[PDB]
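The numbers here are math on the coordinates, done by the rules we state, and not lab data. FYI the Cβ positions are ideal-geometry reconstructions off the backbone, even for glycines, and counts take in every protein chain you see.
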């Protein structure tokens, strides 16, 4: 696992895979956070005497799509690094190769959305070789993209001396603590819509944890599995069986599991909609549970008391829909208030809650990997990390 301290950037053209998948609206970035998070890595390279070619994804565009151009990100980056420019050329094009070859030491070139290239998500060898012509060394600093063997993440890494950036290094060390005898009690807080997407990581963590708090829509599959009546709440009939087995092994492994006991419900998911609070195992048909209730927020905070290690990923309810973001905000303050503990928060809505509460500084580590982080904890590595050697 080579880091930036193993690379001498003097006189070299360095290709760097960054994570610039930021929100954009009307040709303007709405949140520069991801861009700011990459500067430590970029400035270190520039300081050492390098020129840089940057590659990033943006949204899930269906082939070339002006809607997802990185031009707005280029302007944002330019406010921070005076010599950074954006060129509307696809990463593997001849125009892009020539633009990078013209680069002078100190310049920073951001190329077009890598997802515009048809061979990107398929790790196409030809495409990878094309990216290799962009620089003499490769630096992967987009942890949120390291769980997939894509052309700009794994492919190009195999053709050029590859190293991990500061962001990558930080994410890996924070997550490693969670897999290396962390301080007890160790509590995990998981949230999300479907359970099927958390089974792998839940299984992996069970034998290492002491407490499991489950919120969000995924919790109703569990409640239903215990014989509850969840009304029109979202449930995966296809997982009711495994969900019940998971609660069993949990108990057998000596892990305390906490589930919602009350919920805030409505007949439709809409901002400002009228709500009613019901017991979590007695939601009247018409209604859908869309967030954890007041008693549940209370019990969850009580369950976290005394924990010395906490990992939280996922919303407690439909976060982006105004009334239903309260449970997630309550859990964030509960974890932020903890003392003497190593707390880690990841996933879009959970991180968003922390930011809105102005509680970032209160957390041990704010994950930038999202699902990547969950897979690392699940498998112990990622394909984007295995290629970071010489």
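Its residue count N fixes a reference of 2.2 N^0.38 Å for segment 178-390, and the Cα radius of gyration divided by that reference is 0.99. Ordering 222, 311, 138, 278 from the fewest to the most neighbouring beta carbons within 10 Å gives 278, 222, 138, 311. Convex hull volume of the Cα atoms of the chain, normalised per residue: 140 Å³. Per residue, the convex hull spanned by the alpha carbons of segment 207-261 comes to 78 Å³. Secondary structure note: in the chain, about 20% of the DSSP beta bridges are antiparallel. Computed over the alpha-carbon pairs of segment 1-64, the distance histogram in 10 Å steps reads 18, 43, 26, 12, 0 percent, short to long. Under the criterion of Cα pairs below 8 Å and six or more residues apart, the relative contact order for segment 1-177 equals 28 percent. Between residue 203 and residue 361, the modelled labels are 4.3 nm apart [label points 7 Å from Cα along Cα→Cβ]. Extension gain, residue 253 to residue 6: 0.36 nm times the residue separation minus the Cα-Cα distance gives 84.7 nm. Can you tell me the orientation of helix 240-252 relative to the chain, as the angle in degrees between its alpha-carbon axis and the longest Cα principal axis, to the nearest 10? For 240-252 against the chain, the angle is about 80 degrees. The stretch between residue 79 and residue 196, if pulled fully straight at 0.36 nm per residue, gains 37.9 nm over its current Cα-Cα span.
Roughly how many whole Å is it from the C-alpha centroid of segment 274-353 to that of segment 219-262? Computed from Cα coordinates, the inter-centre distance equals 17 Å.
Normalising the Debye intensity of segment 179-284 to I(0), with uniform scatterers on Cα atoms only, and taking log10 at q = 0.14 Å⁻¹ returns -0.57. Relative to the globular-protein estimate of 2.2 N^0.38 Å, the Cα radius of gyration of segment 1-177 stands at 0.93.
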